[PDB]
Protein chains: 2
Amino acid sequence: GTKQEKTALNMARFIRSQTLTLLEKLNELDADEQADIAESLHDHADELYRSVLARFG
Amino acid sequence: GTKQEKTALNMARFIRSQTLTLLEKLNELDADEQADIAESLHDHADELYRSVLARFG
């Protein structure tokens with residue numbers, strides 16, 4: 001239903017910003033492999049959020 | 001330093017469990033494309049956490 005849909009969109013939005021923050025922390029730490037993986041994680045978090053927005057936005 | 005490293009590990013652990021929860025919600029909603037993407041997101045969140053654990057664990 002629309003409230004469950006909105007929970008899921010918000011959580012996708014949230015997760016996308018968390019992964020950006022994690023990217024930033026791993027770059028601040030100069031942890032090169034982990035940063036590269038986190039950067040990919042964030043790109044995928046962004047893909048998920050746009051797709052969830054598209055359907056339930 | 002070790003406390004910054006531990007912040008980053010915890011946040012990776014957190015993000016991994018959030019993405020599993022998001023996967024579960026999108027499957028509960030029967031939103032097939034978004035679920036497939038979330039499933040991939042979670043696999044990547046798990047890759048990040050293991051790699052961060054490996055380095056800073």
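Values below: all heavy atoms of this structure, side chains included; hydrogens, waters and symmetry mates excluded. Lettering of chains follows the sequences in order, A, B, ..., and the numbering in each one begins at 1.
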Could you state the interatomic distance from CD (B:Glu33) to CG (B:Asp36), rounded to the nearest 0.5 Å? 8.0 Å
Heavy atoms from other residues, nucleotides or ligands near CD of A:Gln4 exceed 12 (cutoff 6.0 Å): no
Hey, could you give me the CZ/CD distance between A:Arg50 and B:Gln34, rounded to the nearest 0.5 Å? 14.0 Å
How about B:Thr2 and B:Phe56: do any of their side-chain heavy atoms sit closer than 4.5 Å? no
Look at the aromatic rings of A:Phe14 and B:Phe14 and report parallel, tilted or perpendicular, splitting at 30° and 60°. perpendicular
Might you point out which heavy atoms bring A:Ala45 and A:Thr19 nearest each other, and give the distance in Å? CB-OG1, 3.6 Å
State, with a plain yes or no, whether a side-chain heavy atom of A:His42 is found less than 4.5 Å away from one of A:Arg16. yes
What pair of heavy atoms forms the shortest contact from A:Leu22 to B:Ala8, and how long is it? CD1-O, 3.7 Å
Take atom CG of B:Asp30 as the centre, draw a 6.0 Å sphere, and report whether it contains more than 12 heavy atoms from other residues, nucleotides or ligands. no
Got A:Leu53 and A:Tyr49 here, is their nearest side-chain heavy-atom distance under 4.5 Å? yes
With side chains defined as the heavy atoms from C-beta onward, is the minimum distance between B:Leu48 and B:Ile15 less than 4.5 Å? no
Side-chain heavy-atom pair B:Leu23, B:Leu41 within 4.5 angstrom cut-off: no
Kindly indicate whether the side chain of B:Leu26, heavy atoms from C-beta on, has any atom under 4.5 Å from the side chain of A:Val52. yes
Shortest non-hydrogen separation from B:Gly1 to A:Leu29 and the atoms involved: N-CD2, 4.3 Å
Between A:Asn27 and A:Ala35 the two heavy atoms that sit nearest each other are OD1-CB, 3.1 Å
Got a second to check how far A:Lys3's NZ is from A:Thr7's OG1, nearest 0.5 Å? 6.5 Å
Out of curiosity, A:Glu5 CD to A:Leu9 CG, how far, rounded to the nearest 0.5 Å? 9.5 Å
Any side-chain heavy-atom pair from B:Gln18 and A:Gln18 closer than 4.5 angstrom? no
Would you mind checking if B:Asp46 and B:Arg13 are paired as a salt bridge, meaning a charged N to carboxylate O distance below 4.0 Å? no
Side chains of B:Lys25 and A:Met11: does their closest heavy-atom pair fall under 4.5 Å? yes
